[PDB]
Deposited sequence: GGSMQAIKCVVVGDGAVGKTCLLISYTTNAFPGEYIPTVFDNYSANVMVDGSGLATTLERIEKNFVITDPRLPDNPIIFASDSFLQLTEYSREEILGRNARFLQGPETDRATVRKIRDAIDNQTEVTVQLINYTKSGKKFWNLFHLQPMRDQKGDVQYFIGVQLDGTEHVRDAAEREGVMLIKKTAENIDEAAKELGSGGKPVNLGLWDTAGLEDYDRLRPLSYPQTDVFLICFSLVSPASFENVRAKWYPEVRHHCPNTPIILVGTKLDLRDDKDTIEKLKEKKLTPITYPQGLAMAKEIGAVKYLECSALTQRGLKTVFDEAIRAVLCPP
């Protein structure tokens, strides 16, 4: 259950983006307060990415058994970027002092599709030497055929022995099972996440009752209108200081609404008569970086363009 509070000036599209996202419709009635709760399915569009351990996943059905997934932790350890290793066999980690007889035991485990737990010397991208308490585990489908391979690494400085060895093997095995369950859950479509949408009033008259819905907030949506420079300036002048006055460390996502009007003839003409111009993307991006927003997203409640990405990043900011 995630609570999401949407704040911003009057008539910028706060209520419309909530209704269009929950009921696929489109309404002007100044909202005092309204609740909205919709079930969102997190399908990586995950719990597998939240696992902060050194592990990778490969595909034995593809030539040379390439890496199809690599954790953030694995990237920080091996000093490799994702694009550099995604799709390549994990043998690049090996080097001169790497015991080849141990590598053979790994090869036999993959060929026979079994589990294996070994210790070997691997190398980072810059050539940093470290011991690897490595555990390999095949991931079978519902039929019983091996679909993937899980490789869990426990980096160290020396070759662990006795109790230290027994402790480490225990950890990487328990870790592998967690990954295995996280992978199966991903294929099933993950778990449904209840999203609480709290619509607030933008009028100045409701400035006193508005912070009453701020407690227990997991993520804020500060909205402004792309065709209203006044609402854009209010983000720095009003909405950001107000949110931070009650919620000092709550994830804020800046949202530019009414995207379909930025490329509208009559709309731009209306703004030119008042000597104004629609808010541009770098302008909106500079505002998000200034107020420390985790993401800047533009959307249209009317055409639903970028509308789903807004609430997807809202959830992602909470789960990550």
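Original post:
What are the unmodelled segments when the structure is compared with the full deposited sequence, in sequence order?
Top reply: Comparing the full sequence with the modelled residues, the uncovered ranges come out as 1-5, 33-34, 53-55, 331-332.
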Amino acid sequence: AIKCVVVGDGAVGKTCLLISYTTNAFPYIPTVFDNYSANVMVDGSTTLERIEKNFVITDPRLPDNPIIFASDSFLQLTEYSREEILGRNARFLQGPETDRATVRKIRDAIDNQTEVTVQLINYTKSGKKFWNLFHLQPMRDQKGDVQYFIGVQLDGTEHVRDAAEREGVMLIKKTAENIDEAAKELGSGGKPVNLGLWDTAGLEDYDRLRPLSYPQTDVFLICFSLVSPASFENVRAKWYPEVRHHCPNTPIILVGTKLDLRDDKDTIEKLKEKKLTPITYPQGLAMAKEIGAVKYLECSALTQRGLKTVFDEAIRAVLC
From here on, numbers count along this sequence of modelled residues.
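**OP:** May I ask you to compare 185-193 and 96-104 by their mean CA B factor in the entry and name the higher one?
**Re:** For C-alpha atoms only, the mean B-factor is higher in 185-193.
Original post:
Taking only the CA atoms, which stretch has the higher mean B-factor in the record, 244-252 or 221-229?
Top reply: Looking at the recorded C-alpha B-factors, 244-252 comes out higher on average.
Original post:
Per the entry, which of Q283, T257, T267, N65 tops the list for Cα B factor?
Top reply: Across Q283, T257, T267, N65, the entry lists the biggest C-alpha B-factor for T267.
Original post:
Looking at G151, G168, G127, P211, which has the biggest Cα B factor in the entry?
Top reply: The C-alpha B-factor peaks, among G151, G168, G127, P211, at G168.
**OP:** Using the B-factor values recorded in the entry, state whether the Cα atom of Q304 falls in the lowest, middle or highest third among the modelled residues of its chain.
**Re:** For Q304, whose C-alpha B-factor we compare with every modelled residue in the chain, the answer is the lowest third.
Subject >> Third of the chain, ranked by Cα B-factor, where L261 sits >> reply: Middle third of the chain for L261's C-alpha B-factor.
Subject >> CA B-factor ranking of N122, expressed as a third of its chain >> reply: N122: CA B-factor falls in the lowest third of its chain.
Subject >> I19 CA temperature factor, ranked by third within the chain >> reply: Middle third - that is where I19 ends up once the chain's C-alpha B-factors are sorted.
**OP:** Taking the chain's C-alpha temperature factors as the reference, tell me which third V318 falls into: lowest, middle or highest.
**Re:** Within its chain, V318 is a middle-third residue by C-alpha B-factor, going by the deposited values.
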